[PDB]
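I am attaching a structure below and will ask some questions about it afterwards.
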Amino acid sequence: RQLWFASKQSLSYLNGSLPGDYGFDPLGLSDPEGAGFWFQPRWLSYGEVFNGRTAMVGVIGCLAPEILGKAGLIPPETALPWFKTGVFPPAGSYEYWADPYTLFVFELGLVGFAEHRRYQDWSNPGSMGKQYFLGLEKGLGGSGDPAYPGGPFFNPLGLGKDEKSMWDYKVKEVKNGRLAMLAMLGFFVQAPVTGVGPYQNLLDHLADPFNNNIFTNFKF
Amino acid sequence: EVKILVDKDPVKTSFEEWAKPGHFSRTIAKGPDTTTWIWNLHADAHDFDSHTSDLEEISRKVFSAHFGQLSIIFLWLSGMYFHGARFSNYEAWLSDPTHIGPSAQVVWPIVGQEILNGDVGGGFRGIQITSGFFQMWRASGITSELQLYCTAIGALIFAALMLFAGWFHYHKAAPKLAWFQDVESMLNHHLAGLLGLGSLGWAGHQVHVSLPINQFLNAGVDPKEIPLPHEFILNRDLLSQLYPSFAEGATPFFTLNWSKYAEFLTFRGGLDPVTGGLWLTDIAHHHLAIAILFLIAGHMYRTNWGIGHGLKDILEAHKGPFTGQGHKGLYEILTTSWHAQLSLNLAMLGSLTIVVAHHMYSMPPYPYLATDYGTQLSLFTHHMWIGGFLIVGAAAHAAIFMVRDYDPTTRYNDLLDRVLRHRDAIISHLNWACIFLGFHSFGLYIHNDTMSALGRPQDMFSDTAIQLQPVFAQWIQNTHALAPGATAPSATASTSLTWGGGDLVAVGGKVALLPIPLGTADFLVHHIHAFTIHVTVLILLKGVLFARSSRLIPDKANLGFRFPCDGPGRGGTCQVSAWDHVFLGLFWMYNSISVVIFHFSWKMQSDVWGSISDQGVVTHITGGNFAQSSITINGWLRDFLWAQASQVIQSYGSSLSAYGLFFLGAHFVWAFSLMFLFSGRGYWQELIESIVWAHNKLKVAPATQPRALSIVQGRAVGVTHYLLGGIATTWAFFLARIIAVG
Amino acid sequence: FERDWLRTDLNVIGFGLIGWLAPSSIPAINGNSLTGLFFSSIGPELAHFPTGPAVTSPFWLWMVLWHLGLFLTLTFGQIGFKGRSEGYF
Amino acid sequence: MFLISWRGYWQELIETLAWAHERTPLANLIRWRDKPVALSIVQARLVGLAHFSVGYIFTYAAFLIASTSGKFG
Amino acid sequence: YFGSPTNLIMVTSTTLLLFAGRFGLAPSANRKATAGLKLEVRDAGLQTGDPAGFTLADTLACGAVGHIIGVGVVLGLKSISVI
Amino acid sequence: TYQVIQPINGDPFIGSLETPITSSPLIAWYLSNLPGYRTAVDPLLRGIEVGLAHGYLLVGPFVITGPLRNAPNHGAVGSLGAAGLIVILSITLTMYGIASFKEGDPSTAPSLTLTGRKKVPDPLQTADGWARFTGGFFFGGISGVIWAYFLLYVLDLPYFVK
């Protein structure tokens, strides 16, 4: 197996049993000895997969309005950089049907109902297929693996029937999650340095590459 | 290998042990039979190594106690910011800091106490504060009361966070002993992480929020029209007008053209004439350099990769023909004894606090701090007292380590062994030094007093008589005054105005700082200081060195660290424990610090502080009477104690009336302590025997049998009351004098 | 007690003296040297014998900065010579 | 001093001074004839009380005589 | 800026110190010095893929301290006005 | 390795240590050649030397720091004060000798060297020896005071501080 900056400590517990395993753990965060709460091997893999899943959607969320508005698809005023949509009021904001602080409460309620239910699966595997939830609990029983629930809702197409395809898909998903993680970190770093959006940054670089980079942008 | 090591749910969270007082110790948990129990519960509350012999269990307890202390400190800071935001005249003081006295406490109108709301100016009535918070807030760029409210809310949130962290790390995730003993990682993180990153962040705040707002303030623009701090980050153009170099961005930093940042990163020295404090451009550069120095320092030790040092390796390689094996064995001692680490850290912190006190008056960092005499005197005295107390605690805990954790069979060290093998020579030499210094310092004062009383002023030790000039300190002053020209060419002015550069800084018709002259009187007080410091060192070192055994008591270790005596035998064996030595050394620390603060007060009021007119004439508070009057004890009695106490004794019926009341109360408590210090418990137990009879006659005798205080407890009560009364007397007298006349 | 506790070498003195006098004589101070400055300041003070140097004289700083280095080199040379033969390094 | 500090501290300190005298050249030629010991427990109380009373009497006598003799009432 | 003496100094310092760490002329993760200098062989257990056992920690440390040396030389070559 | 500090005379249970301050050959020779440690010679001559040194050294402080230091008669007055101090010191020496030594008793000085070799104990620790020592001390001290006065204020030599 290909190893990227491994160690004796890393290879003791990183044995290839997890998808996207390259023995990379310089700081020993996944060591099973004396591990609990936030720093345990089973919470960290779930956190990696979950964070990659949100980052994968977030990259498209940031890139879609700016790309569509650079074409003639969506109205210009709805095509904004991700930091000018109201998420960062100093950089500008948009006027929606509801106040942003009222939208925050609605999102808080919905997302809380989702995430507390997600957590009770981790803290109690089969718990959420038992109590009445308007009949949806029939498909919210989990699978015993917190990051891979499956079922009628979360895996409706029923892909990865055999083990060899499920493992390959898990590898691809963790790899794309890592790549989108890096992409969103790049977005966050580029936003203050260069005052424009990621797509404008891309276009301005393949127009005159030697005058649009970090070396030039050590001025803002 | 260095890794996180925790234990899950070690102690269950329940109220059952709250209902059982004394649960932490075997003896106390059984309940009380006499009143002594009630005291024993409070004296052993935090003596964790006496509760259990497990090092891990003790370490977890101290780790959570630190979180509790941090929560209390955050609550205190939140209260200070909230009172600044809600009950203060800060916004009026900002527009006129030279004519308005800071105030952040307002009393209620009850039982006539509303007289304490005095005229501090700015259309405000309150109590004048001497903490210096107003100048620090002005330096930080704080301009409105809203930003203080947000700071109070944040400090409350942080206090809640620390309390939750303490509970979580004692009851849910308790770190193992190996985690605590990872000293290399702790040193690396505290040097690079805490200090380096903290100073870097503060430097960023200063170059982004402090420098521009203070430039606007020092230019004379209204605080309510200064742009908000974030406006100096949003449009960089506002920042490119005060300093055009900001137009270049971070390109000069990465291309190594640092002189392009000379506008806001300077090496000036001296004081800002408009402000009377250190240049903010100097302070930002200081913090930016300190950040780099500490970030590089925090990379010295080896944690998980090959690079770095081993502390044990460094210790074991330092030995010589006079010191045997050297420092070998010290790593084992300092990684298994909490008391030795506490002793070392207490000594270093107490020494650093005194340095802070000395440096803050000579180089006022905050704006309008030098001309606020009440704040300067209060800060100096406060930090001197804190340093002295921490230094005494260092000796106490070194003695505790010697009594309990010392073990030559398993934790031998050559240096400590060799020190214990010639302690007689050390103690006798320090005794001789103390006697010599006491004579040649205090007896000169007696000689001067007798010569003055005999009508022979020409036979005294004075500047107009037999001279004793501090030539070495004068040479150091002259050398530091010439530094900008030869030894610090890049510096524009000397590091302080007191070295002798022949300039004075005046702010609002008041003298900030000027060259401080040294003469015979200073020669006298400095040796007085040295004598008292040496006596305190003698008392504490004799207790530390002779704690385990002496020729009188071969087995003093079996008696413990804190015991009254070993009986009236051998002529009398009172106060032979190491605890008594701390009890005695507290008095001498008090004496030394009192003399130091008296010296500071008189010198500042006589030769530095004062007023300046629009002619060029300086008039000091006491008119330069220190040189000719501070050389006799009668001079201190008359021109300092009698003359300057005239304020606190005529403060009745004014806003300063609370200081005379505290003056009398402190005198009363100081006198009260002498009952405990001069007597013994055998008389008091016999006296209690008669009162118990009177109670039994009326069937009101309590089941908890009344006991006189223990021999050690009476000493503790006496010394605590003595120190409280003494320190409060000076607190009230100093504050009244410097608020009325300053 | 050993007769000669210092274990005198008499090569350490010369080696330390030369190893202080060689680098300190480099003209890196406005064209002058630390030894040069100290030696040139010695004479004018002797010009007004028996009165001692004034408080504001440059003699003291030069005297202290030269002897700190001399003592440092001598002590370090002695330590190195004695500890290389006893397995200290 | 006598009323606050007690005997054992002083005895343990006198032991060191005895050693120092016994080890000092040109002073070994002189020997004490009575062994130096600290003051007794009862002796120290009496000495401290005497100093306290003498200071108490002298301070007030000086103050009273001087205050009544500066102005003569 | 490229080809200027400051850039030349930074690159030469970084390359020299990386070469010194790589070729056993400076302390590294697998090479610790005794009291009298004298690098000794040490098994760090890092694993690097490099034939001479040059680990990522060694590269980072060498780069950082070479940057320190380069800044020290640059600031001081132009303070003297050689640059 | 090589340690410098050793137990006194090789005995680790005698309350002293051997240090360069106490046992170096230079200091040992210097202390052995002082008149206070010359065991095999008449104590009178040793006292003469001791008094000659001490009375001579005592002249300066009395002459220069005394109350009459600024008077033209300062030298004689200071010399008289130094002579009075020498007289008081001789009185103290006589008192100590009378209190410490009986006429018939032998010497209290040690009779062994550091090498364990028997020697004659110092006769200075006897009544007659101490009496001779204090008489020599008085005679030497008065003569030293007189000599210092003669050098300073009878020949008036150009001493920097007078």
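Each chain gets a letter, A, B, C, D, E and F, in the order it is written, and its residues are counted from 1.
Following the convention adopted for this analysis, contacts are C-beta pairs under 8 Å (C-beta built on N, C-alpha and C of every residue); 3 or more make two chains touch, one makes a residue touch a chain.
Among the other chains, A has the CA centre that is most remote from the centre of chain F. With centres computed from CA atoms alone, B is the chain lying nearest the middle of all the protein shown. Contact analysis places B-D first among chain pairs (by count of C-beta pairs in contact). Chain D and chain E have centres, each the mean of its CA atoms, that are 69 Å apart. One finds 35 Å separating the Cα centroids of chain C and chain E.
Here the spacing of chain B and chain C, counted between their Cα centres, is 40 Å.
Work out the mean CA point of chain A and of chain B, and you get 50 Å between them.
Residue positions of chain B touching 2 or more other chains: 319, 321, 424. In chain E, the residues that touch at least two other chains are 35, 46. Chain contacts: chain C has residues 88 touching two or more partner chains.
Taken pair by pair, the chains that touch are A-B, A-E, B-C, B-D, B-E, B-F, C-E, C-F, D-F. Of all residues in chain E, only 1, 6, 10, 27-32, 35, 42, 44, 46, 55, 57-58, 61, 68, 71, 74-75 touch chain B in the complex they form.
Taken together, the chain B residues at the contact with chain A in this complex read 1-8, 172-173, 176, 179, 230, 234, 236, 248-251, 253-254, 304.
On the side of chain D, the complex with chain B involves touching residues 3-9, 11-13, 15-17, 19-20, 23, 37-38, 40-41. Residues of chain B that touch chain D in their complex: 423-425, 427-429, 431-432, 542, 546, 550-552, 565-566, 568, 570-576, 580-581, 584, 587, 677-678. Within the complex formed with chain E, the chain A residues making contact are 3, 5-9, 11, 26.
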